[PDB]
Number of protein chains: 2
Amino acid sequence: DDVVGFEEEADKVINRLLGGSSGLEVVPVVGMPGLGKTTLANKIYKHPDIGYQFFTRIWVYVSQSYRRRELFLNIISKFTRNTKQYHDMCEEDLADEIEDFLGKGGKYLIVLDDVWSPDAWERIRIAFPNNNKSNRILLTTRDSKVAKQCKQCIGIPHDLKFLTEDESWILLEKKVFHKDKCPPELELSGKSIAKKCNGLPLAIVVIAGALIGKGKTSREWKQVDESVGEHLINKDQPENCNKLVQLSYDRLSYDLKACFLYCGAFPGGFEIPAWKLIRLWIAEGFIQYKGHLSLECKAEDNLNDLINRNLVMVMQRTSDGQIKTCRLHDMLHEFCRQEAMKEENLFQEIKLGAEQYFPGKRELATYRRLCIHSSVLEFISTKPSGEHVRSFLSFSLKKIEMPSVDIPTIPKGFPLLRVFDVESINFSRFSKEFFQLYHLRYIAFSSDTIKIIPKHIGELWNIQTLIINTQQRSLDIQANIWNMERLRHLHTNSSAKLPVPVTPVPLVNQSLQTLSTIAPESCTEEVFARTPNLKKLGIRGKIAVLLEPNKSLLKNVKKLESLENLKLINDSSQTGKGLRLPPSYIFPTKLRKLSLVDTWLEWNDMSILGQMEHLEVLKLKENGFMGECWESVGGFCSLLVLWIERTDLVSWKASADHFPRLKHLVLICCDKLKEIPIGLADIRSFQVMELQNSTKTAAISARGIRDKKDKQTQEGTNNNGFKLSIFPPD
Amino acid sequence: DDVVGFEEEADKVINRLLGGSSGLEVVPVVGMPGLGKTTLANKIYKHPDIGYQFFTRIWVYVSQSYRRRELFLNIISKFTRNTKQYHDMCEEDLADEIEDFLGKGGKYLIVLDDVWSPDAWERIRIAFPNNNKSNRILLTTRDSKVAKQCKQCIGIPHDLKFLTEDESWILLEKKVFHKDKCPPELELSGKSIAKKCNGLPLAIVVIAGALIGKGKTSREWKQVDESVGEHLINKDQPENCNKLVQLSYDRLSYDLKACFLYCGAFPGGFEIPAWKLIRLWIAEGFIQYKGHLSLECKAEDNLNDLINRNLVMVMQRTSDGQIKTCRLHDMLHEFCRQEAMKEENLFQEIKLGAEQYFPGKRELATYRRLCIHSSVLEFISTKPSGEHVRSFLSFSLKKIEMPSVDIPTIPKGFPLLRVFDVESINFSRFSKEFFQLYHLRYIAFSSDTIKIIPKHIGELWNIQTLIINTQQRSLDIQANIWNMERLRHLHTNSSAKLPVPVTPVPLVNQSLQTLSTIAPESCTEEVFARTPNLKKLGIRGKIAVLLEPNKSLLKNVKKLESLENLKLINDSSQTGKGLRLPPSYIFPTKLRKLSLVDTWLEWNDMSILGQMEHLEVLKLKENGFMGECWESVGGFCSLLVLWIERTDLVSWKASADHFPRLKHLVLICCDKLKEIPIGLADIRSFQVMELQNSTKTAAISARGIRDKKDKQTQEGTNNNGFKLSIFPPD
Ligand SMILES: Nc1ncnc2c1ncn2[C@@H]1O[C@H](COP(=O)(O)OP(=O)(O)O)[C@@H](O)[C@H]1O
Ligand SMILES: Nc1ncnc2c1ncn2[C@@H]1O[C@H](COP(=O)(O)OP(=O)(O)O)[C@@H](O)[C@H]1O
């Protein structure tokens, strides 16, 4: 409930939505960036009354650099998982598909954030039919002319009010002091600050983060108070607010300063993968820690400082509470840009400006880090060359093929390249000079034809992370990854057939921690003997090769003492019944996360999982577990999160003793579940619960469980209210 | 000498060039389009005094849609034939290469036609160094601000004057009446017209063509006189002059109207290949002739009407006088556009306008013929679909690769496609749905990976012309081209291994006329037995397989009675001496054109060629003939043109009886020629003569021959003055 002073505005907006015309209706929210337009939209999205009243709730991100085809793909992905048929149809075809998808449903609302030009609104409006079902469009805009120019915009342009003072002091106190009370010698400074921010929440949260970072001293509070007083916030000039961000930026440590500045190289509206980005922090040497925690731990700590300062906003978190997807505010992105080019020339972006001509070698040679986001193919066709370029950064929501003749240009022009992520570029093959980059550390790309990883990859002695994505069924690795001592991580989407190591000095790879998806045949004794420090393991392929009762290779997994994350993917031609678990003591004594996919195991097998006393997060995906009768056997003494998706389970019996400490519980696509155990509502730690494609009997059992737990909350000191998801509410 | 009234302007421009500053100097020529800027530039280029004074003379075409990399490639192609090393270097690298290439030479001039914006001039000027050698730049522009903005443009902007009336009447009379005298009842109309064109040569030539097309009657002359009087030519509004072109356009026949309008679909500044374009018409059914001449003959007649009306201007002609490269004036191109979209909606062009968004299906479905010239890859990535599209037209000076996943989009979106020329698009493979186009007639594309022509190509029963270009050494054709009765032409750049026909109805392909270079092993008896009407033959590969004395296959060529054009390319691993011709009577009795490449034959072999009494044009390319002593044996009773390039010939003896009727004579890269026969100057028909990379002894022999022939011209009635090329004059 981190929303202060928006209750009246949200209530009046909701009143506008539920009332008004009975046909199509669009409400525009205009305001100076950072004032709370998207935050208010998110509050409206999560409000219970509107969600109950609206059958379908879609969140859409537009941004300035919107792609209509990409946007239509994004909307289509929210309806049908089988997206292979929609990749070929032209844009109006997916527009009609969206039209009929929302036609099949009931009353719906569409949320369009950060629309910059009226022509974009006109081009996207064609996908929303007028079915006289009181469908609503929550449009957010920076300019009132966008709403004014539309004849169909019958609703008056709602100018969202700026934050009131009563909201100010309370908001800033909640942000910076949390549950603490401000000392008297800082209270007047806080009030003066709140009056001096001119009710702009982004400025308030950024100065709160700055105050947290340095210390809660009266002198520093007076300094920031006079600084914000020296910067009057004009209602028509947002750039001065960037100066306030400067008052935060100077307070960060030099390496942390640098990583925050590098965080701005990403495109606006881009949902950053957390794991990818921590790798960018590590590969570039930005993360330096002379302490007991690992470098990845230090990078996670830095991300935690970023989020708690409200500099980087997290949109989706992992099931266990970790950060999954983070992004930067568009105003903060513009400030980071302005700093990057006009102030400290750390890195530069190459964009198709009004001149429509790309920079030549003379200007490019002065760059140190590049970031090409659109029209990359033309730029690489120009064949640039940078002798002082240390990085190549490029993310796009669309995949761009790699011209073969143009392939050798990138390595030849950048011999001093260190990191090179082209995950939006589909490499067709490997060039010889690509193999000459001895200074490379991070390489990640996609391919649709590469089957054999060549031997010469072993001669890159400075690579730290290697990420490969492909649509091929099986991937063969011929390069000697075992002698690559500095290699730390691997991530693959296909079945990776690692070479069988040969036994010959400290050849043991103590730095290798995570190695993503590996074919079952490579999970041998020698492979795990060379990496005792492995923590995350992933197996992809015919799991029957792993888990035959007579010659199961999981005995080798027993000797891996440092393992905590295991992933198994079943790609066998036949995935029928007959699979069973080995004795429970075979597993590592300190494993934490295991995920079973397409295993087709009997329910009783969790008894093996019942022996592990430290299991806390478990995920079942794509027919991990099934069986008509599920009886809870054994006690999961430390289970916190269990995640089951698309199982034909019918009946489940459970008790509080079986799962004494569960916190997160998820069922998805359970088309045959009869009832959820009532006694689960008797567990105090049971907090969050969700349904998807469940039976009506499951729905009424869920409602009864919610009522019982709410009554228990009325009985005991259950501070954390129960969370139930009525999805879909149709 | 078709230049009237420009003698004074050309003389003063030449005086400016030879005089002025001793360093870099740029003369700009500004004027309303069609006034004669490029024509005056061409006259200056071909003037003898400037060519003698200037060591290096380069012609450069810029146009509005100029590409700096393409332009630099074009300039580099004029210096070194080995262009494989220059394809990889970045733009400034070829700029420096051009800098040193002109540095090695002496005083030079660079001609830049049709420069539209000053920034283009600034970006191209960096390739021209200041060596204090009085180098000159003939720049042609439409706006004086382009010259004014340049600080280095010390020379005053020369505003070229409009043609005077005395030149006018003479110019129009030379254009329309040639050597005839205007009747008195049309002379006053001609004078009134010439005064009413306001001295604009393009208008004069177009109305002369219109008058020629309809008839030289007094009433029609009065009609065109009042029409041009009704259209006053404003000096600042060129669009009204387009109306005058209308007075010509309405006078053409409907099919000829249509083909002229289709001629405008090509990009401005594009040098049209004549053969391709007659193929494009013959495929679209535009050429209809109910007469004895072939359809190709009718198309050539139409092109002749186009050129003699000055609607289409020819830049380079074939050695025998035929049209090789033709183009349209930029003002005429704009008029053709205006007519195409705003008037008769015959065809439309898809371009990246200020909106920066490509048309959708709704507008595209109303189109009948398309023409995409730039940013084609984005358009095909959009995946357009046209149910009423009958043609797909795309030429570019650069090669664009074909995305595999995007490959199927083109055929699926255009099932009613008839012609499809993507010769600027590099196809990587064949898609199955591409093979579903049963309405296709003309297909032409380039590839760097296609080795096997698939069988299903035989199921396209409506194909008339098939053109394939590839860099592969050998091309295999598996499709049954023999049962393709409507197929008329084939053109390949690689060795084409045709399938061996099997003997089984009129299966004989009487419509097949030309079939490009074909691998030697396919020149069998059965192949030539199925196409008795063949006229142009081409063989590419190991010619030793064709021409072994014991088992030569040219006996089969004997039975081909309709053959007139033969091409042979030697791609054998060893091309050493030992090759010899068969007896002369083996050849068809009516052959006209033969070309020998890399044959390595003895000189005496022309005795066989001496037997053919109707040989008129012969070309020797890439070591066709060699030998220290060349003695002329036999009499070429009808030889007109002989063409020899890069031979190590030393001594040649010839007489007038050997070549009694030669007209065009060419020697290129003769690094060892001792002397040219003096008696060749005694031949009356000897008119044109050229040298390239010749010896100094060859140069002085050439000068003596020129002096002797000029003295003979002073003796006899040699109306056609002798033409000698001082090339290079360094
Ligand atoms: N009621 C509120 N309580 C706390 N923070 C808020 C509130 N409204 C806005 N904010 C903060 O203001 C910032 C700007 O939010 P957002 O609406 O996403 O951008 P914009 O206002 O430009 O659309 C957010 O980071 C958010 O944390
Ligand atoms: N002195 C001349 N004699 C005959 N025709 C001319 C003369 N000068 C120009 N023309 C004609 O005028 C037309 C325009 O010529 P050009 O110079 O190529 O275009 P622009 O004047 O727009 O540069 C040409 O087709 C040419 O035939």
# chains A, B, ... in the order shown; residues from 1 in each chain; ligands from 1

call {"tool": "interface_residues", "arguments": {"of": "chain A", "to": "chain B", "cutoff": "7 Å", "atoms": "only C-alpha atoms", "output": "MDAnalysis selection string"}}
result
chainID A and resid 90 383 401 403

call {"tool": "write_last_selection", "arguments": {"atoms": "N, CA and C atoms", "output": "short mmCIF file (atom, residue, chain, number, x, y, z; two decimals), in the first residue's frame"}}
result
data_model
loop_
_atom_site.label_atom_id
_atom_site.label_comp_id
_atom_site.auth_asym_id
_atom_site.auth_seq_id
_atom_site.Cartn_x
_atom_site.Cartn_y
_atom_site.Cartn_z
N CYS A 90 0.14 -10.95 -41.07
CA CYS A 90 0.42 -9.52 -41.13
C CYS A 90 -0.29 -8.79 -39.99
N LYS A 383 30.03 -1.18 -41.92
CA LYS A 383 31.29 -1.79 -41.50
C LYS A 383 32.12 -0.82 -40.67
N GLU A 401 18.65 -10.98 -38.49
CA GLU A 401 19.58 -11.97 -39.02
C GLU A 401 20.95 -11.34 -39.28
N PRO A 403 24.04 -10.97 -41.67
CA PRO A 403 24.56 -11.18 -43.03
C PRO A 403 25.93 -11.83 -42.99
#

call {"tool": "residues_around", "arguments": {"residues": "stretch 525-539 of chain A", "least_positions_apart": "5", "cutoff": "8 Å", "atoms": "only C-alpha atoms", "output": "PDB file with N, CA and C atoms, in the first residue's frame"}}
result
ATOM      1  N   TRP A 482      36.440 -27.636 -20.219  1.00  0.00           N
ATOM      2  CA  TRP A 482      36.953 -28.085 -18.930  1.00  0.00           C
ATOM      3  C   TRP A 482      38.258 -27.396 -18.552  1.00  0.00           C
ATOM      4  N   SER A 495      19.342 -28.999 -26.064  1.00  0.00           N
ATOM      5  CA  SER A 495      20.043 -30.101 -25.418  1.00  0.00           C
ATOM      6  C   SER A 495      21.533 -30.021 -25.722  1.00  0.00           C
ATOM      7  N   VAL A 500      32.866 -35.726 -23.463  1.00  0.00           N
ATOM      8  CA  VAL A 500      33.249 -36.576 -22.340  1.00  0.00           C
ATOM      9  C   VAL A 500      34.667 -36.208 -21.925  1.00  0.00           C
ATOM     10  N   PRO A 501      34.885 -35.786 -20.681  1.00  0.00           N
ATOM     11  CA  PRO A 501      36.241 -35.418 -20.260  1.00  0.00           C
ATOM     12  C   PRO A 501      37.143 -36.638 -20.177  1.00  0.00           C
ATOM     13  N   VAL A 502      38.432 -36.418 -20.417  1.00  0.00           N
ATOM     14  CA  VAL A 502      39.445 -37.463 -20.341  1.00  0.00           C
ATOM     15  C   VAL A 502      40.369 -37.148 -19.172  1.00  0.00           C
ATOM     16  N   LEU A 507      43.645 -28.892 -12.388  1.00  0.00           N
ATOM     17  CA  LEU A 507      42.719 -28.833 -13.513  1.00  0.00           C
ATOM     18  C   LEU A 507      41.279 -28.635 -13.055  1.00  0.00           C
ATOM     19  N   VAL A 508      40.988 -28.886 -11.776  1.00  0.00           N
ATOM     20  CA  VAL A 508      39.631 -28.731 -11.266  1.00  0.00           C
ATOM     21  C   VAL A 508      39.181 -27.287 -11.434  1.00  0.00           C
ATOM     22  N   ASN A 509      38.000 -27.106 -12.024  1.00  0.00           N
ATOM     23  CA  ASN A 509      37.448 -25.776 -12.279  1.00  0.00           C
ATOM     24  C   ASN A 509      36.656 -25.345 -11.053  1.00  0.00           C
ATOM     25  N   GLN A 510      37.328 -24.634 -10.147  1.00  0.00           N
ATOM     26  CA  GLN A 510      36.681 -24.141  -8.939  1.00  0.00           C
ATOM     27  C   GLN A 510      35.837 -22.897  -9.182  1.00  0.00           C
ATOM     28  N   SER A 511      36.003 -22.231 -10.324  1.00  0.00           N
ATOM     29  CA  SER A 511      35.244 -21.024 -10.622  1.00  0.00           C
ATOM     30  C   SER A 511      33.932 -21.303 -11.341  1.00  0.00           C
ATOM     31  N   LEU A 512      33.760 -22.499 -11.898  1.00  0.00           N
ATOM     32  CA  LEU A 512      32.523 -22.835 -12.591  1.00  0.00           C
ATOM     33  C   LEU A 512      31.426 -23.099 -11.567  1.00  0.00           C
ATOM     34  N   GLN A 513      30.350 -22.319 -11.638  1.00  0.00           N
ATOM     35  CA  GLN A 513      29.261 -22.406 -10.673  1.00  0.00           C
ATOM     36  C   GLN A 513      27.963 -22.891 -11.295  1.00  0.00           C
ATOM     37  N   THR A 514      27.491 -22.235 -12.353  1.00  0.00           N
ATOM     38  CA  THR A 514      26.238 -22.589 -13.007  1.00  0.00           C
ATOM     39  C   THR A 514      26.544 -23.096 -14.407  1.00  0.00           C
ATOM     40  N   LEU A 515      25.896 -24.197 -14.803  1.00  0.00           N
ATOM     41  CA  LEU A 515      26.019 -24.670 -16.210  1.00  0.00           C
ATOM     42  C   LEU A 515      24.629 -25.119 -16.680  1.00  0.00           C
ATOM     43  N   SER A 516      23.957 -24.264 -17.465  1.00  0.00           N
ATOM     44  CA  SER A 516      22.529 -24.501 -17.826  1.00  0.00           C
ATOM     45  C   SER A 516      22.316 -25.823 -18.556  1.00  0.00           C
ATOM     46  N   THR A 517      21.666 -25.790 -19.717  1.00  0.00           N
ATOM     47  CA  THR A 517      20.903 -27.029 -20.020  1.00  0.00           C
ATOM     48  C   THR A 517      21.837 -27.989 -20.759  1.00  0.00           C
ATOM     49  N   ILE A 518      22.038 -29.163 -20.182  1.00  0.00           N
ATOM     50  CA  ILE A 518      23.009 -30.185 -20.679  1.00  0.00           C
ATOM     51  C   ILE A 518      22.277 -31.478 -21.047  1.00  0.00           C
ATOM     52  N   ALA A 519      22.639 -32.099 -22.173  1.00  0.00           N
ATOM     53  CA  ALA A 519      22.067 -33.380 -22.554  1.00  0.00           C
ATOM     54  C   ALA A 519      22.288 -34.410 -21.448  1.00  0.00           C
ATOM     55  N   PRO A 520      21.353 -35.346 -21.270  1.00  0.00           N
ATOM     56  CA  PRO A 520      21.486 -36.323 -20.176  1.00  0.00           C
ATOM     57  C   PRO A 520      22.743 -37.169 -20.250  1.00  0.00           C
ATOM     58  N   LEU A 553      22.521 -42.275 -13.363  1.00  0.00           N
ATOM     59  CA  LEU A 553      23.750 -41.518 -13.164  1.00  0.00           C
ATOM     60  C   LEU A 553      23.668 -40.549 -11.993  1.00  0.00           C
ATOM     61  N   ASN A 556      26.305 -39.946  -9.262  1.00  0.00           N
ATOM     62  CA  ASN A 556      27.334 -38.927  -9.427  1.00  0.00           C
ATOM     63  C   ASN A 556      26.889 -37.604  -8.817  1.00  0.00           C
ATOM     64  N   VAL A 557      25.621 -37.239  -9.020  1.00  0.00           N
ATOM     65  CA  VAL A 557      25.083 -36.017  -8.427  1.00  0.00           C
ATOM     66  C   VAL A 557      25.197 -36.061  -6.910  1.00  0.00           C
ATOM     67  N   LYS A 559      27.839 -36.946  -5.211  1.00  0.00           N
ATOM     68  CA  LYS A 559      29.144 -36.441  -4.802  1.00  0.00           C
ATOM     69  C   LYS A 559      29.288 -34.935  -4.979  1.00  0.00           C
ATOM     70  N   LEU A 560      28.361 -34.285  -5.677  1.00  0.00           N
ATOM     71  CA  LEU A 560      28.397 -32.832  -5.835  1.00  0.00           C
ATOM     72  C   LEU A 560      27.841 -32.207  -4.564  1.00  0.00           C
ATOM     73  N   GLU A 561      28.735 -31.861  -3.637  1.00  0.00           N
ATOM     74  CA  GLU A 561      28.325 -31.381  -2.324  1.00  0.00           C
ATOM     75  C   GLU A 561      27.799 -29.952  -2.342  1.00  0.00           C
ATOM     76  N   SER A 562      28.194 -29.144  -3.323  1.00  0.00           N
ATOM     77  CA  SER A 562      27.837 -27.733  -3.363  1.00  0.00           C
ATOM     78  C   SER A 562      26.584 -27.459  -4.185  1.00  0.00           C
ATOM     79  N   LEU A 563      25.930 -28.496  -4.699  1.00  0.00           N
ATOM     80  CA  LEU A 563      24.761 -28.294  -5.545  1.00  0.00           C
ATOM     81  C   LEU A 563      23.576 -27.788  -4.732  1.00  0.00           C
ATOM     82  N   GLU A 564      22.891 -26.782  -5.273  1.00  0.00           N
ATOM     83  CA  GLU A 564      21.666 -26.264  -4.678  1.00  0.00           C
ATOM     84  C   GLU A 564      20.534 -26.066  -5.673  1.00  0.00           C
ATOM     85  N   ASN A 565      20.824 -25.930  -6.965  1.00  0.00           N
ATOM     86  CA  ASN A 565      19.815 -25.702  -7.992  1.00  0.00           C
ATOM     87  C   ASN A 565      19.957 -26.780  -9.053  1.00  0.00           C
ATOM     88  N   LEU A 566      18.887 -27.535  -9.286  1.00  0.00           N
ATOM     89  CA  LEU A 566      18.867 -28.554 -10.325  1.00  0.00           C
ATOM     90  C   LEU A 566      17.662 -28.328 -11.226  1.00  0.00           C
ATOM     91  N   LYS A 567      17.882 -28.445 -12.533  1.00  0.00           N
ATOM     92  CA  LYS A 567      16.830 -28.311 -13.530  1.00  0.00           C
ATOM     93  C   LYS A 567      16.892 -29.509 -14.463  1.00  0.00           C
ATOM     94  N   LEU A 568      15.749 -30.146 -14.692  1.00  0.00           N
ATOM     95  CA  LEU A 568      15.661 -31.278 -15.603  1.00  0.00           C
ATOM     96  C   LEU A 568      14.541 -31.036 -16.603  1.00  0.00           C
ATOM     97  N   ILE A 569      14.835 -31.268 -17.879  1.00  0.00           N
ATOM     98  CA  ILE A 569      13.875 -31.097 -18.962  1.00  0.00           C
ATOM     99  C   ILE A 569      13.793 -32.413 -19.718  1.00  0.00           C
TER     100      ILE A 569
END

call {"tool": "closest_atom_pairs", "arguments": {"of": "chain B", "to": "ligand 2", "cutoff": "6 Å", "atoms": "only C-alpha atoms and all ligand atoms", "output": "Markdown table"}}
result
| residue | atom | partner | partner_atom_place_in_ligand_line | distance |
| --- | --- | --- | --- | --- |
| B:2 | CA | ligand 2 | 3 (N) | 5.1 |
| B:3 | CA | ligand 2 | 1 (N) | 3.4 |
| B:4 | CA | ligand 2 | 1 (N) | 4.1 |
| B:5 | CA | ligand 2 | 1 (N) | 5.9 |
| B:6 | CA | ligand 2 | 1 (N) | 5.4 |
| B:33 | CA | ligand 2 | 22 (O) | 3.5 |
| B:34 | CA | ligand 2 | 22 (O) | 3.2 |
| B:35 | CA | ligand 2 | 21 (O) | 3.8 |
| B:36 | CA | ligand 2 | 21 (O) | 3.1 |
| B:37 | CA | ligand 2 | 23 (O) | 3.7 |
| B:38 | CA | ligand 2 | 17 (O) | 3.2 |
| B:39 | CA | ligand 2 | 17 (O) | 3.7 |
| B:201 | CA | ligand 2 | 12 (O) | 4.2 |
| B:202 | CA | ligand 2 | 12 (O) | 3.9 |

call {"tool": "write_last_selection", "arguments": {"atoms": "C-alpha atoms", "output": "CSV table (one decimal), in the first residue's frame"}}
result
chain,number,residue,atom,x,y,z
B,2,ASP,CA,24.3,17.9,-81.9
B,3,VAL,CA,25.1,21.0,-79.7
B,4,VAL,CA,23.6,24.3,-80.8
B,5,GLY,CA,24.4,27.7,-79.3
B,6,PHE,CA,26.6,26.4,-76.5
B,33,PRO,CA,16.4,21.3,-65.0
B,34,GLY,CA,16.5,20.4,-68.7
B,35,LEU,CA,18.2,23.6,-69.7
B,36,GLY,CA,21.3,21.8,-70.8
B,37,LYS,CA,23.6,21.5,-67.7
B,38,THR,CA,24.4,17.8,-68.2
B,39,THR,CA,24.5,18.2,-72.0
B,201,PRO,CA,16.3,22.4,-75.0
B,202,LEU,CA,14.4,19.5,-73.3

call {"tool": "atom_distance", "arguments": {"atom1": "atom 14 (C, counted along the ligand's line) of ligand 1", "atom2": "atom CA of residue A:42"}}
result
10.8 Å

call {"tool": "select_by_dssp", "arguments": {"residues": "stretch 564-653 of chain B", "states": "strand (DSSP E)", "output": "list in words"}}
result
residues 565, 566, 567, 568, 569, 570, 593, 594, 595, 596, 597, 617, 618, 619, 620, 621, 629, 630, 631, 641, 642, 643, 644, 645, 651, 652 and 653 of chain B

call {"tool": "residues_around", "arguments": {"residues": "residue B:258", "least_positions_apart": "3", "cutoff": "12 Å", "atoms": "only C-alpha atoms", "output": "list in words"}}
result
residues 249, 250, 252, 253, 254, 255, 261, 262, 263, 264, 265, 281, 284, 285, 286, 287, 288, 302, 336, 339, 340, 344, 346 and 347 of chain B

call {"tool": "closest_residue", "arguments": {"among": "A:10, A:407, A:586, A:467", "to": "residue A:421", "atoms": "only C-alpha atoms"}}
result
A:467

call {"tool": "residues_around", "arguments": {"residues": "residue A:428", "least_positions_apart": "6", "cutoff": "7 Å", "atoms": "only C-alpha atoms", "output": "PyMOL selection string"}}
result
chain A and resi 402+447-450

call {"tool": "write_last_selection", "arguments": {"atoms": "N, CA and C atoms", "output": "PDB file, in the first residue's frame"}}
result
ATOM      1  N   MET A 402      21.968 -12.195 -39.306  1.00  0.00           N
ATOM      2  CA  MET A 402      23.352 -11.766 -39.439  1.00  0.00           C
ATOM      3  C   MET A 402      23.823 -12.007 -40.865  1.00  0.00           C
ATOM      4  N   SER A 447      20.929 -18.258 -32.597  1.00  0.00           N
ATOM      5  CA  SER A 447      21.193 -18.885 -33.882  1.00  0.00           C
ATOM      6  C   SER A 447      20.086 -19.880 -34.194  1.00  0.00           C
ATOM      7  N   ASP A 448      19.861 -20.103 -35.487  1.00  0.00           N
ATOM      8  CA  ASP A 448      18.903 -21.094 -35.952  1.00  0.00           C
ATOM      9  C   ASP A 448      19.539 -22.164 -36.827  1.00  0.00           C
ATOM     10  N   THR A 449      20.853 -22.109 -37.038  1.00  0.00           N
ATOM     11  CA  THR A 449      21.549 -23.082 -37.870  1.00  0.00           C
ATOM     12  C   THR A 449      22.806 -23.656 -37.238  1.00  0.00           C
ATOM     13  N   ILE A 450      23.348 -23.043 -36.189  1.00  0.00           N
ATOM     14  CA  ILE A 450      24.593 -23.509 -35.588  1.00  0.00           C
ATOM     15  C   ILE A 450      24.305 -24.791 -34.811  1.00  0.00           C
TER      16      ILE A 450
END

call {"tool": "select_by_dssp", "arguments": {"residues": "stretch 443-566 of chain B", "states": "alpha helix (DSSP H)", "output": "compact mmCIF listing (two decimals) with N, CA and C atoms, in the first residue's frame"}}
result
# COMPACT_ATOMS: atom_id res chain seq x y z
N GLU B 525 24.37 -33.56 -79.09
CA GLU B 525 23.54 -33.62 -80.29
C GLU B 525 22.07 -33.46 -79.94
N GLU B 526 21.61 -34.14 -78.88
CA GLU B 526 20.20 -34.10 -78.52
C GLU B 526 19.78 -32.70 -78.08
N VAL B 527 20.66 -31.98 -77.39
CA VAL B 527 20.32 -30.65 -76.90
C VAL B 527 20.03 -29.71 -78.07
N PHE B 528 20.92 -29.70 -79.07
CA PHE B 528 20.72 -28.84 -80.23
C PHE B 528 19.65 -29.37 -81.18
N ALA B 529 19.35 -30.67 -81.12
CA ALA B 529 18.29 -31.21 -81.96
C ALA B 529 16.91 -30.75 -81.53
N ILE B 543 36.45 -25.59 -72.13
CA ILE B 543 36.24 -25.65 -73.57
C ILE B 543 37.04 -26.77 -74.23
N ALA B 544 38.05 -27.31 -73.53
CA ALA B 544 38.75 -28.48 -74.05
C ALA B 544 37.81 -29.67 -74.17
N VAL B 545 36.78 -29.73 -73.32
CA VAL B 545 35.77 -30.77 -73.45
C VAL B 545 34.97 -30.58 -74.74
N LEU B 546 34.78 -29.33 -75.17
CA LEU B 546 34.09 -29.07 -76.42
C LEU B 546 34.97 -29.39 -77.62
N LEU B 554 31.37 -29.88 -81.68
CA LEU B 554 30.92 -28.79 -82.53
C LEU B 554 30.29 -29.28 -83.83
N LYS B 555 30.50 -30.55 -84.20
CA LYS B 555 29.72 -31.13 -85.29
C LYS B 555 28.23 -30.93 -85.06
N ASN B 556 27.78 -31.09 -83.81
CA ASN B 556 26.37 -30.84 -83.50
C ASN B 556 26.00 -29.40 -83.79
N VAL B 557 26.88 -28.46 -83.45
CA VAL B 557 26.64 -27.05 -83.75
C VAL B 557 26.47 -26.84 -85.24
N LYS B 558 27.01 -27.75 -86.06
CA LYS B 558 26.83 -27.65 -87.50
C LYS B 558 25.36 -27.75 -87.88
N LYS B 559 24.61 -28.64 -87.23
CA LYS B 559 23.21 -28.84 -87.60
C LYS B 559 22.30 -27.72 -87.12

call {"tool": "residues_around", "arguments": {"residues": "residue B:542", "least_positions_apart": "3", "cutoff": "6 Å", "atoms": "only C-alpha atoms", "output": "ChimeraX atom specification"}}
result
/B:545,570-572

call {"tool": "residues_near_ligand", "arguments": {"ligand": "ligand 1", "cutoff": "10 Å", "atoms": "only C-alpha atoms and all ligand atoms", "output": "PyMOL selection string"}}
result
chain A and resi 1-7+29-43+113-114+140-142+160+162-163+167-168+170-172+174-175+199-206+310-314+328-332

call {"tool": "closest_residue", "arguments": {"among": "A:457, A:295, A:376, A:156", "to": "residue A:488", "atoms": "only C-alpha atoms"}}
result
A:295

call {"tool": "closest_residue", "arguments": {"among": "A:217, A:719, A:647, A:345", "to": "residue A:693", "atoms": "only C-alpha atoms"}}
result
A:647

call {"tool": "residues_around", "arguments": {"residues": "residue A:451", "least_positions_apart": "2", "cutoff": "8 Å", "atoms": "only C-alpha atoms", "output": "ChimeraX atom specification"}}
result
/A:449,453,472,474-476
